[PDB]
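Summary of structural features
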Amino acid sequence: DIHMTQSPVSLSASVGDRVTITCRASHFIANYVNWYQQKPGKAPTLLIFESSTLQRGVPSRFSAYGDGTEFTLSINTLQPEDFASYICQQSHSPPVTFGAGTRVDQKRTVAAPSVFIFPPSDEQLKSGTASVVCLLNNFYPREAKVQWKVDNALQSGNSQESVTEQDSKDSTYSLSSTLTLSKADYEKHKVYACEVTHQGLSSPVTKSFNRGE
Amino acid sequence: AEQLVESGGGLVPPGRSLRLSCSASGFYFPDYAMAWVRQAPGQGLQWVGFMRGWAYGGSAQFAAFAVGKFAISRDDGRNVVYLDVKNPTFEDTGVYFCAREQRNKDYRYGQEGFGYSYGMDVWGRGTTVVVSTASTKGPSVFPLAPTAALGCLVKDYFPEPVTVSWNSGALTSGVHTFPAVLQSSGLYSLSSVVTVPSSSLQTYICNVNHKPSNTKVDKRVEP
């Protein structure tokens with residue numbers, strides 16, 4: 001199969017910026033590339049086909065070009081409704097294959113998150129499960145590292161993340177991380193910690209609680 | 001104008017054959033080759049396969065993983081394309097889009113090579129498929145006990161959506177209700193939070209409503 005490699009993974013830009021997104025094909029595919037836009041919860045929208053033909057009804061600030069191996073999507077100039085993900089696709093031969101996407105969001109100043117930790121309620125444990133929740137509030141950029149620690153033992157594979165869409169008025173993100181443990185496991189240990197690493201923090205921030213107190 | 005609409009299920013049992021339907025309107029469907037493209041939670045687009053119109057032989061091709069495990073057929077008089085999944089597993093969870101391949105300037109697909117190079121110009125809204133043994137149900141609401149922050153954990157529900165407000169709408173400043181995330185059980189879970197001055201600990205009540213199960217819950221969040 002032909003593999004499509006999109007860079008960068010993530011891009012921060014301002015209204016009025018000229019934005020350039022790149023897709024690389026593992027094989028020479030001449031002009032057989034399409035570009036799509038996708039916004040959260042929606043189907044993709046075709047922007048470009050045959051690497052540079054603008055799709056009817058798509059605004060002319062979108063253009064694209066390629067050389068058979070490297071293909072470039074250009075937004076000139078970026079508009080508010082253009083903060084979205086962009087996806088390349090080769091149409092050269094089956095199986096059809098897509099790039100992994102490039103996220104374009106709105107640039108703002110670096111903002112560190114406010115971190116909070118929540119123990120599981122007393123009612124949930126009665127049902128046999130314990131959810132521990134870590135909240136990262138109002139930060140930028142979106143990249144954040146959350147490490148769960150239980151009695152100072154690093155956790156892997158038992159948490160789930162959720163990130164808001166970029167806030168409309170202040171361009172920050174908020175993020176939730178939820179650690180799930182059986183009740184029995186939750187009561188064999190004492191100290192529950194959430195450690196947050198972020199560009200805005202001079203060093204990692206840790207919030208924690210001891211069970212029962 | 002031109003429109004596709006997928007149907008065929010939220011929670012579906014593993015191992016039982018699954019049929020999705022894509023109904024077309026607003027265009028002459030039998031002229032068009034039709035594709036199925038799926039998107040697992042948090043993942044990128046994955047082409048499942050496509051089928052040509054009758055005038056190009058009506059053959060179908062699939063991604064390597066999908067060969068022999070999925071099937072596509074069309075009923076042109078009913079303006080519908082189908083995707084059949086034999087033996088679905090958790091790996092088949094995601095949103096399934098139906099899409100048509102655009103024809104070129106000359107109302108044609110390409111004459112040389114593959115020929116489907118004018119982009120997928122019409123897409124359905126997508127149908128969420130979750131392969132699991134779980135059943136439809138409303139959510140359990142648990143408090144997230146307390147500048148300070150508190151919230152509500154809205155856990156184990158299907159399908160989307162739920163709506164969450166705070167103090168019946170009177171509290172909006174600092175509220176963040178997070179996108180639902182799918183758990184390994186096949187049920188959704190979500191948290192709603194708000195930051196608040198630690199002196200005010202004012203009363204705090206989250207009001208979660210889940211219409212598909214006729215569930216309304218108001219939970220008091222105290223320290």
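Residues numbered from 1 in each chain as written, not as in the entry; some residues may be left out. Chains lettered and ligands numbered in written order. Heavy atoms only, no water. Residues with missing side-chain atoms left out of burial classes, pairs and counts.

Per the deposited record, determination of this structure is attributed to X-ray crystallography, with the resolution reported as 2.00 Å.

All names here are of chain A. Reading across from one edge, β15-β14-β18-β19 is the order of the four strands in this open sheet, with antiparallel pairing throughout. Looking along the sheet, the strands with just one partner apiece sit at the ends: β15 (153–154) and β19 (205–210). As defined by bridge partners, strand β18 (residues 191–197) adjoins β19 across six bridges and the pair is classed as antiparallel. Bridged to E195 within β19 is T206. (Pairing = 2+ DSSP bridges. Helix = DSSP H or I, 4+ residues; strand = E, 2+ residues; numbered from the N terminus.)

Our focus in this paragraph is the domain arrangement of chain A. Residues and elements named next belong to chain A. You can read the domains of chain A as domain 1 (1–107) and domain 2 (108–211). Relative placement of domain 1 and domain 2: their C-alpha centres are 34 Å apart. The interface of domain 1 with domain 2 comprises six residues on the first partner and seven residues on the second. Contact between domain 1 and domain 2 buries roughly 560 Å² in total, counting both sides, with carbon and sulfur atoms accounting for 34%. For domain 1, the biggest contributors to the area lost against domain 2 are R103, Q106 and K107; these three give 64% of the whole. Between domain 1 and domain 2 we count zero salt bridges in total. Viewed at the interface, domain 2 and domain 1 are joined by six residue pairs in polar contact. For the side of domain 1 that touches domain 2, the element with the highest residue contribution is strand β11 (residues 102–106), accounting for three residues. Residues that form the side of domain 1 that touches domain 2 fall into these classes: one nonpolar, two polar and three charged. (Domains from an automatic or database assignment. Contact = heavy atoms within 4.5 Å. Buried area = accessible area lost by both parts, 1.4 Å probe. Salt bridge = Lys/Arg side-chain N within 4 Å of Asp/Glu carboxyl O. Polar contact = N/O pair within 3.5 Å; in protein donor to acceptor, adjacent residues only side chain to side chain. Nonpolar A, V, L, I, M, F, W, Y, C, P; charged D, E, K, R; others polar.)

Here we come to the packing of aromatic side chains. On inspection of all chains with the given rule, the structure shows 19 aromatic pairs over all chains. A centroid spacing of 6.1 Å and a plane angle of 70° characterise the contact between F49 of chain A and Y118 of chain B, whose relative ring orientation is edge-to-face. Here the residue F49 of chain A occupies a position in strand β5 (residues 45–49), and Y118 of chain B occupies one in the loop between β9 (94–101) and β10 (120–123), the pair thus bridging two chains. On the basis of an interplanar angle of 10° and a centroid distance of 5.4 Å, the ring pair of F158 of chain B and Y188 of chain B is categorised as stacked. With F158 of chain B in the loop between β13 (148–157) and β14 (163–166) and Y188 of chain B in strand β17 (residues 188–196), the pair connects residues that are 30 residues apart, well separated along the chain. Each member of the pair, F158 of chain B as well as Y188 of chain B, is classed as buried. Grouped by ring-pair contacts, the aromatic residues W47, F50, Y56, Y109, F114 and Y116 of chain B constitute a single cluster. Directly above the aromatic system of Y186 of chain A lies the positively charged group of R211 of chain A, at a separation of 5.8 Å from the ring centroid. Here the basic side chain of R19 of chain B rests over the ring of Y82 of chain B, its NZ or CZ set 4.0 Å away from the ring centre. (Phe/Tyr/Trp six-rings, centres within 6.5 Å; stacked < 30°, edge-to-face > 60°. Buried < 20%, exposed > 50% of the residue type's maximum accessible area, 1.4 Å probe, protein only. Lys NZ or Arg CZ within 6 Å of the ring centre and 35° of its normal.)

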